[PDB]
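Single chain ahead, by itself, as structure tokens, in the form deposited in one PDB entry.
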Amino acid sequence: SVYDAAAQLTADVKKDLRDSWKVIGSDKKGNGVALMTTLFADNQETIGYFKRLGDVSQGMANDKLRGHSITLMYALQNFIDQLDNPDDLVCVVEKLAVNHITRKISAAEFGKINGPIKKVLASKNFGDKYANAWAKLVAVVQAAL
């Protein structure tokens, strides 16, 4: 279950998530837009799902993309803040899952975000260990999809 997935994140994994978030979460606008632009560059097949945002190739200049990207970073902020209480983490994860289920986003498709996250982490010198930690958090959401 989602609870099981959340109730699997160990102290060491939580430590790595918090340490890396202190850095990538410090520039939500810059890193949020970087995450989305990287997703669109490496997974062009996902561009169609974001038609509400308009021309996503405009990057930072696109107000709707910027607003979406900053907001996405607060969903991650939410998750990081709830790490020590699986019950709370589960209810916020399920809420975000519903927002993606309504858009027909499968667990496999949601997992496409792992590549962009790995690249953004690497830009701040956080290596594979950190990428693996984030994949475990992403897997908690996948358990709800």
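The numbering used is simple: start at 1 and walk along the sequence shown.
Below, we turn to the form solved in complex with a small molecule, even though it does not appear here.
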| query | finding |
| --- | --- |
| Partner contact for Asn31 in the bound PDB entry: the small molecule, 4.5 angstroms, heavy atom | yes |
| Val13: touches the small molecule in the bound PDB entry, heavy atom cutoff 4.5 angstroms | no |
| Proximity of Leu9 to the small molecule in the bound PDB entry, heavy atoms at 4.5 Å | no |
| In the bound PDB entry, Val90 touching the small molecule (heavy atom, 4.5 Å) | no |
